[PDB]
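Chemist: Supplied in structure tokens, the structure appears directly below.
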Amino acid sequence: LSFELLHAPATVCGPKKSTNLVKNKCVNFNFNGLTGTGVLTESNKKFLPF
Amino acid sequence: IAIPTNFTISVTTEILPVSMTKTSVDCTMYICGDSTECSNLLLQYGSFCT
């Protein structure tokens, strides 16, 4: 298994863990690279699929 | 000389502002959001928020 790091966009990366703590908890959060801090609450918004 | 033989009663409107909107800003929440180390850096600037 030979590994090469070209300048092209990196494609193969290993798996990533996951956990959740949803309501009324001040949490540092990392959603697929979107990092922040705050309280997570269920929403009525209607994001388009993409 | 010229003397008036009649009169008119005129109602005219004058408009004057008296108040603004009372606004407040949480200096820390505006500048640093909920980042602890940004707040620590902000303490280095003294009493600007106050």
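First residue shown is number 1, and so on along the chain.
Every residue, even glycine, has its Cβ placed from backbone N, Cα and C.
In case it's useful when we look at the structure, here is the feature table from Swiss-Prot:
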- B:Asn6: N-linked glycosylation site (CARBOHYD)
- B:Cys27-B:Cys49: disulfide bond (DISULFID)
- B:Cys32-B:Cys38: disulfide bond (DISULFID)
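Can you tell me where each of these features sits in the structure?
Modeler: Under the three-state DSSP scheme, B:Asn6 (N-linked glycosylation site) falls in the coil class.
For B:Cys49 (disulfide bond), the number of other Cβ atoms no farther than 10 Å from its own Cβ, over all displayed protein chains, is 13.
DSSP classifies B:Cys32 (disulfide bond) as helix under the three-state reduction. Cβ neighbour count for B:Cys32 (disulfide bond): 15 (other Cβ atoms within 10 Å of its Cβ, all protein chains included).
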Chemist: Report the same-chain neighbours of B:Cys27 (disulfide bond): residues 6+ apart in sequence with Cβ closer than 8 Å to its Cβ, ordered by sequence.
Modeler: B:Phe48, B:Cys49
Chemist: About how far apart, in whole Å, are the alpha carbons (Cα) of B:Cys38 (disulfide bond) and B:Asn6 (N-linked glycosylation site)?
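Modeler: That comes out at 76 Å between the alpha carbons.
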Chemist: Should B:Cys38 (disulfide bond) be counted as helix, strand, or coil on the basis of DSSP?
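Modeler: Note: B:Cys38 (disulfide bond) is helical by DSSP.
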Chemist: How many Å separate the Cα atoms of B:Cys32 (disulfide bond) and B:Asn6 (N-linked glycosylation site)?
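Modeler: With distance taken Cα to Cα, B:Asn6 (N-linked glycosylation site) is 71 Å from B:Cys32 (disulfide bond).
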